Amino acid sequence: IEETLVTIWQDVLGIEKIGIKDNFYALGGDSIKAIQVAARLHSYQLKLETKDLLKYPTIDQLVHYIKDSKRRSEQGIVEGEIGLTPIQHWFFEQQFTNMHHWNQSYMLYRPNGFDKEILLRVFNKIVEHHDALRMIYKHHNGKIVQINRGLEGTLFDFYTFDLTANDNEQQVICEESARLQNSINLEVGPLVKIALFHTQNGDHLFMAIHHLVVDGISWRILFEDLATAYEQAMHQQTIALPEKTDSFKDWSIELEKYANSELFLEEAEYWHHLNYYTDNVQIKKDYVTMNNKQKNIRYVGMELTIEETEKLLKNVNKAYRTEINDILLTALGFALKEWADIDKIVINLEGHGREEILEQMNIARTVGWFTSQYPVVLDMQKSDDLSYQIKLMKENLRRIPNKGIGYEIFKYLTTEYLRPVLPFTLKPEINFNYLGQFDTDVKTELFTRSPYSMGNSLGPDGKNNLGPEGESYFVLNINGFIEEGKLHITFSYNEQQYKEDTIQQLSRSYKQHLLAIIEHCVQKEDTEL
């Protein structure tokens, strides 16, 4: 029904009232919000191909393209060996020092406090429902063996700290959470570490999960099921989570099939264009250094106001019928041109990686590490013409098949005798990672973000996420997100490679060009057919 879409859109977009004529993207939608709509529909046994939502961005149009779900996923307990996925292959290939310490984290806050007994019940359901959290990793014969445990052993560690007497809540939270962050055992588990802090202003719920089994969308899913199960428990109802989508196991199995399929191999030809840019990869550094560890990384931050961010989310993409990636990367092109006099450069672009490339596979609600990464070429031709550059960036991104998911599939999954001959040793020095919007997911009726949280806990600059002795792998690590209605962009660099001021010039330049692109696009009316 259209009443179901209205409700879902309203929840997902964080907008109280939505008409059946409202444009999804003009309301602030993106491809991650789209997946969240698809996930909600799955619980109603309804199917949405997110690409339809792009062609029919209103409920009045889209209702005719919503189908019944033919796919039924594993609802029981998933167990057994699972082949590493592309981003997982990349991870082990790095051989990070203390790779057991390589996590994402988050901290929630509830002024009236959490009931601990309920939390224990809720997280038991969580690790049961979201099978990938029970993963372990073993070595057998110089090879990594990924194994999904059943309901055996310890599925998560949970600590309770009573700081209601301590006068230094922030220090203790940092010290204790750091200990959790450093205590993950990849061989026997658990990969999920949880601490509950009682304080004078309420409770703070800290969570650290090894990156091997989680990502940005997974966190959003966890937050939802956390609130849902908790709300049920405090109302003395049976804890009950939405239907499972496809398991990480089943996904990996089909992904490896795809990797060697005839249809996918035909894509190899496109990626040859990278061969024209192999010497457009390195940027100038202030200094040469041998010290390349996480402890040597610092960052510069920028942010827009709520008004500026609203324009970006709601009134910019209409100008050229773009998506936010087009805009952000166009701004980066200009910024790098003014900052280092660069005309062409190859970057590493991260995507959520949940592309409908596998048939009736649905992972809209699956917890795991699905992140894709791939080389993108930025080409600065006409610095004076915005219309030309934006349309150039747009076309460049559209010429990439299936959001670039295929490149690392070729690189890590395709068997040797089918593996195309591609420039696999290409290594961009710049990474771009825009995580998307989080306000609707973290700011609920049950809880909100913790004030004791330090920095972006879902990124590499998050406090205590990565082991300090671990090796850095990018010269410039650019990460972004929307928090409290404000776009944040951070620039992570090696302190012995660049002076802080050098990076500050890049950040300010990026902010300048981004705001200029916003003003340009705000003034351009929708005329794409």
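So that there is no doubt, residue numbering starts at 1 and follows the sequence shown.
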| property | result |
| --- | --- |
| Per the entry, higher mean C-alpha B factor between 282-290 and 419-427 | 282-290 |
| Greater mean Cα temperature factor according to the PDB record, 376-384 or 362-370 | 376-384 |
| Among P86, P242, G142, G406 - the residue whose C-alpha B-factor is largest in the record | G142 |
| Member of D131, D157, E350, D341 with the greatest C-alpha B factor (per the PDB record) | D341 |
| Modelled-residue ranking by C-alpha temperature factor, third containing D461 | highest |
| Chain-wide C-alpha B factor ranking for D30, given as lowest, middle or highest third | lowest |
| Relative C-alpha B-factor of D215, binned into the chain's lowest, middle or highest third | lowest |
| B-factor third for the C-alpha atom of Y493 within its chain | middle |
| Chain thirds of CA B-factor: placement of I147 | lowest |
